[PDB]
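Heads up, the thing below is written out as structure tokens.
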Amino acid sequence: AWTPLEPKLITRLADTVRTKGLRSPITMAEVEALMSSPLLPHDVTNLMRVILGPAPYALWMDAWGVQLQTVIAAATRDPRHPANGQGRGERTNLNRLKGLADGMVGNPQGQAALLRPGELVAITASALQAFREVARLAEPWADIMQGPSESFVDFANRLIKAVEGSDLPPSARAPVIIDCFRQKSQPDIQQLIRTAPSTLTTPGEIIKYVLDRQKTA
Amino acid sequence: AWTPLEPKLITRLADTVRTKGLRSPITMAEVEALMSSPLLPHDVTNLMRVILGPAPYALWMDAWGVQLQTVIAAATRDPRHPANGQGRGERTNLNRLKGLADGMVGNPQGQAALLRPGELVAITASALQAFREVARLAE
Amino acid sequence: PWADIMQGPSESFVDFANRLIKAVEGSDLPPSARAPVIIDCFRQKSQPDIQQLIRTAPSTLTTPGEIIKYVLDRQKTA
Amino acid sequence: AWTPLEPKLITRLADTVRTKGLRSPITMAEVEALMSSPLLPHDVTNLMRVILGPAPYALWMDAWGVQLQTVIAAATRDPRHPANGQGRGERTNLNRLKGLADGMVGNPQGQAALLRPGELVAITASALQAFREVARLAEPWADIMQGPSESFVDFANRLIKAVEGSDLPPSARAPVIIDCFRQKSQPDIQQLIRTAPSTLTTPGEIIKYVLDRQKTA
Amino acid sequence: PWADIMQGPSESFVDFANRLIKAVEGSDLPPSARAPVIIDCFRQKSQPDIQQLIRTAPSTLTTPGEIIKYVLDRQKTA
Amino acid sequence: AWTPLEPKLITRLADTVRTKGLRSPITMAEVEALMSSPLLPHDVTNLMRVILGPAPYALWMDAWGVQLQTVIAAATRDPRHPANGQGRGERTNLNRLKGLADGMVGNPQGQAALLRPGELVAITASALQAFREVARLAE
Amino acid sequence: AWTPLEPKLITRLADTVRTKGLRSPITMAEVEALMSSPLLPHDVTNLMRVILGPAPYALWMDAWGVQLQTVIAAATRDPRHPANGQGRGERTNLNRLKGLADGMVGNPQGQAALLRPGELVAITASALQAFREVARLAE
Amino acid sequence: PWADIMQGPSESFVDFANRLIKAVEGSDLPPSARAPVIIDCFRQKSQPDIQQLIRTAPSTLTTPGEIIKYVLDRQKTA
Amino acid sequence: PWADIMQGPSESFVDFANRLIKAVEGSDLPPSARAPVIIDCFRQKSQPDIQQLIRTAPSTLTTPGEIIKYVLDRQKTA
Amino acid sequence: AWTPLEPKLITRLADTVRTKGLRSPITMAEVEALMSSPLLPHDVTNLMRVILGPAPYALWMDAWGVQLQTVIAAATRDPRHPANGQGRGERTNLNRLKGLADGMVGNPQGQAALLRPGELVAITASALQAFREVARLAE
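Chains as they are written, first to last, in the UniProt record's numbering: chain S, 249 to 387, 391 to 468; chain P, 249 to 387; chain B, 391 to 468; chain R, 249 to 387, 391 to 468; chain A, 391 to 468; chain E, 249 to 387; chain X, 249 to 387; chain F, 391 to 468; chain Z, 391 to 468; chain D, 249 to 387.
Laid out in structure tokens, this is it:
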């Protein structure tokens, strides 16, 4: 049996997206919260229709389709998908994932009837990844310098923000943040990091060291 | 079954940290309040992601790892840890504490399924001590 | 009126796209005529820098979402 | 039977190291060339004594010892090392690797007699890695800008050199080179790359595009 | 003579293209050598504003008609 | 047998294009008039050479090629094209449409010999659409 | 059995490229000289790594990939390629041409073992054409 | 003479180390007395910036190679 | 009074340490509170050159004797 | 039975350290003189408290602890230490060396009762080496 999400929670989430934006960690946490139980295509579609504006909604439809297509390629690459079955008669078409299949168009009850739990969780993960892509797309690290009067924690916050909210792979953020701490961060802190008797191999360790030995002023 | 923390409480706590700072006794009291029920690694990780800035979040990840490593050393020093079991097959690895083990990465439901209550309270106490360290360090 | 919408000299492109899609979808056009009109309004409105940016598209853009994505990628940061 | 390396090749390699330096790719290629056949500890030791100065030679002795110690730790962690044997009587001590064991000190003939081919190749790989470490140590990408009068191929050469000869992981060089092409490379080329109707996802493709559409001047 | 044709300081681009194509096609060149010559004369004649406009073409123009279309699109209205 | 168009009509049409322009409805009507009987590639090519200036003629050659390529794509998408035949040996190549095929280059008589009426009407419609495109583009 | 090229010849060729440039006829003659025996992907890759700067090396990798792709298209267009075999099990993938296939990555001995002489000569001709393209492009 | 070697105000550290190790190893000292002398000459020569850099070493450096590596890591880039 | 002791601009560090340890041990503090107080007074008194010298200690100093030894090693000879 | 050192000798040694310094050979000779009979931890501790200033005394406590720890490592590396016994019940802990063990804290008589002569000579040699280290370090 299908139960809709509370319009109160949806209104609160919409106002959160309206004030904080799409990319804030609080907004992503709230979306993860409302993305806890496996949702039917109807639920996610209406949710994104309500919380997102028109242009972000178009972008999100595109991204969701692309991610679902990647999922269906992986599904035809492995007959053991939790959305698939063992025989060929349970193969899952994109009409069944997007809610376009027979007996599902516009009807959430029938949707909940015919859909598999693996189908639901795959749709949900796809929608979450698409939301992440669109949020990263809707709103330069190598141009960030520590100002002459700026403190170091503000500079570190700004730099980590710009590096993590960029187009770099996830495995290339820490080395870039370290090497930007070393070459930016005006020459007093540059020499402070250079003359480190220990080897600092993490942005957190560099931040701790600099905060300990910084010139109080 | 996993239930997320209210984004309203999280928003209020984030604004508290924003105005009062990390070290005020009211902020530590609020953190203790939102640290009442044993949280899953997913919950604490997202909470610190939201309430802390980028650099304090990096520092907190470091400190949390160190404290969890101390906990795991004490656990291998005593087979009667509320996170451990009696046999060797229940020994708790850091992948299970940080939420990196199999069946847990990114999934809070599976996390809540496989985790022990002793595991949860140990993770929670470790995160609280790490928050205290980072707060004492930032200012 | 959708046919009177221009991208202001100082307006960003996402605001212009929002306003245009709003006015086109909330109008008297048939549902099957909104996407071509939105595309052809992106091409002829949207002041000549973005006009030339869309014109010199090595790929063929056949959807408002694709045009928006392309323009957001290659736009002149300012 | 031990055969020494030609002093003519060694003299040419020494002059190469003297003019080009320790870190040039031509120098590393020449070292790889003279590091082709498995060398005895005597050979590599004398080679580094001749081609390297005193201080780089001290650094190289240190690094070679450390790498050989890592090798011996891996050897005691696996009894199937091509330097080891099956029984415990064939376990290889560092005195046998550094040429300090009995019947080997100062005598290359006896050295070649008692040493294993696996021992030789392990010593050789260790010495090569130590040479790489010392070369990287003896002599900043995020500070590289394209000068107002500099051409683009010179800027690209300098940037790729400084990025590949740095402390970044191998999987983080291409994204960094791309994002440095985009943010450095003074605003004419910045706008030229920004308004690319195609998506450029490789430094070579960016270089080709810019060379095609650059402002001839 | 085709190799002596320059775009005057005040002349428009369509007049220059007409004159150049006329002089190149009504000359002693083989038929298979007219298009490359017309292109390379568009690139080296056609005073430096249009020269830089053709140089900084994100797409590769491989036909006199395509070059003419591109220049007519992105030309400096004056 | 090939019969050329009157140079008097062509001169009048050229002066019409010279005074009224390319886009006037009277000019398009006159072009439709002189585009009544199916013309051979030689006829249309010389007609556009005479009535159009050099730069519009280059643009028109480009547009005509593009439209003929679309026609040939539709032809390979349907073996029942009035230019095609039933077997594969009657498939129409662009060398036969542009008049570049064997036995046609520069010779209008041989052109009229080997060409099909469907070929002629397709070439004519393509040339008309290309003229419309260039006229809309020039001004 | 794989034998490496002399570092003396490679050093002389690198200095030739450094003083004369990429496009001089003497440089192309020297490259043709060092391109006489069919080289393994390892050999050509290291050779271009040493003689070319970073940016020309990136350009050359691009051009070499494109030319090898054209070769593989011609190979799937003709089952009688000296790199191909008669059955479908000998069809040559780009991982085998670029040296990325199984048993070849980083190992020149295994490379020389599994590669065909037709494969080697095709790789060599592709690399030579790519060098010509990059030399014509750089200056 | 090894005991007269000083690091010049403008000289780099690797040149000074090369010169010092050369003069110490090509001298009349016993082989077992070269490393301690090289270390104690690194510490007392090698103008006071590097002197303080070696003095404030959280680790104990017991080899000329280790001292050279440490100084090359933490040296003042200039 | 121990909490009023500062290292003078011209005073050496061993004299300051002697005076501070004297005043702290000859005071009303419990015996278990003297070492932490002496350490935290070394860190906050002892004019900013030595303050920064103690701050940038690659090792953790957890005893007044260790702090004194470290400072005496790495002090600015003057 | 414990007999204290003469305060006259201690006063003379303190004035020697005050005028000649810590490193003079006469001072080291005087210390060796007053370090002739094996002293109890109480004796050496009070002696260094009197003759050394506060900061050298802190340094000396550190160095004495380190040297005693090296001694205890050598003792656990050899069960035939003159401070150790044959069985495991005579193993000497650092609380017994520094005078911190049970029945010894603050009482020199009980100290002299329970301590071994090997313990006394090891403590004495450790204290002498620590004094040498601190003297070499202070100036």
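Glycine included, each C-beta is placed from N, C-alpha and C at the ideal position.
query	result
Could you tell me whether the Cβ atoms of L368(E) and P286(E) are closer together than 7 Å?	yes
Take residue 388(S) as the anchor and find which of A383(S), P454(S), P420(S) has the nearest alpha-carbon.	What the structure lacks is residue 388(S): chain S is numbered 387, then 391, with the residues between left out.
Using a Cβ-Cβ cut-off of less than 7 Å, list which residues of the segment 301 to 330 of chain R approach chain F; keep chain order.	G301, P302, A303, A306, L307, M309, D310
Report the three-state DSSP secondary structure of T467(R) (helix, strand or coil).	coil
In whole angstroms, give me the CA-to-CA distance for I299(S) and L419(S).	28 Å
For the segment 429 to 453 of chain B, which residues have a CB atom closer than 7 Å to at least one CB atom of chain A, in sequence order?	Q442, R445, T446, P448
Excluding the 5 residues preceding and the 5 following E387(X) in the sequence, name in chain order all residues of the same chain whose CB lies nearer than 8 Å to its CB.	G269, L270, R271
Would you kindly check if the distance between the Cβ of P448(F) and the Cβ of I428(F) is under 7 Å?	no
What first and last residue would you give for the alpha helix (DSSP H) that runs through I371(D)?	365 to 386
If I measure Cβ to Cβ from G366(D) and keep anything under 6 Å in the same chain, skipping five residues before and after, which residues do I get?	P330, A331
Starting from the beta carbon of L462(R), find every residue of chain C whose beta carbon is closer than 9 Å, and list them in chain order.	The chain inventory of the structure shown lacks chain C, comprising the protein chains S, P, B, R, A, E, X, F, Z and D.
Determine the contact status of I457(Z) and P302(D), defining contact as a CB-CB distance below 7 Å.	no
For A393(R), would you say it is in contact with chain S, using Cβ-to-Cβ distances shorter than 7 Å as the test?	yes
Quick one: what's got a C-beta closer than 6 Å to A322(X)'s C-beta in the same chain, skipping five residues either side?	none
Once you ignore the five residues that flank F406(R) on each side, which residues in its own chain have a CB closer than 6 Å to its CB?	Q397
For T318(D), which option in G351(D), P304(D), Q377(D) has the closest C-alpha, if you only look at C-alpha atoms?	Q377(D)
Return the CA-CA distance between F379(R) and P399(S), expressed in angstroms with no decimal places.	40 Å
In angstroms with no decimal places, state the Cα-to-Cα distance between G335(E) and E278(E).	39 Å
Whose C-alpha, out of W392(F), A425(F), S402(F), is nearest the C-alpha of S417(F)?	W392(F)
Determine the contact status of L288(E) and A360(E), defining contact as a CB-CB distance below 7 Å.	yes
Can you list, in chain order, the residues of its chain whose CB lies under 8 Å from that of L348(R), leaving out five sequence neighbours each side?	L342
Determine the extent of the alpha helix (DSSP H) in which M276(S) is found, giving its start and end residues.	273 to 282
Under 9 Å Cβ-Cβ, which residues of chain S neighbour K466(F)?	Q442, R445, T446
Go ahead and pull the three-state DSSP assignment for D418(S).	coil
Taking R464(S) as the reference, give the member of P421(Z), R433(Z), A423(Z), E401(Z) with the closest Cα.	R433(Z)
Which residues in the same chain as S374(X) place their Cβ atom closer than 7 Å to its Cβ, once the five residues preceding and following it in sequence are excluded?	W312, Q315, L316, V319
Helix, strand or coil: how does DSSP classify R297(S) here?	helix
Is it right to say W250(D) is buried, meaning 16 or more other beta carbons lie within 10 angstroms of its own, or is it exposed?	exposed
Which residues, taken in chain order from the segment 284 to 301 of chain P, show a beta carbon closer than 7 Å to some beta carbon of chain S?	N294, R297, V298, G301
Look at the alpha carbon of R266(P) and the alpha carbon of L295(S), and state the distance between them as a whole number of angstroms.	30 Å
Within its chain, find whatever has a CB closer than 7 Å to the CB of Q357(X); leave out the 5 residues flanking it on each side and keep chain order.	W250
Sorted by chain position, which residues of the same chain lie with C-beta nearer than 6 Å to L307(P)'s C-beta, five sequence neighbours on each side aside?	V382
For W392(F), which of helix, strand or coil comes out of DSSP?	helix
Leaving out five residues on either side along the sequence, give the residues of the same chain with a beta carbon under 8 Å from the beta carbon of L451(S).	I429, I444, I457, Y460
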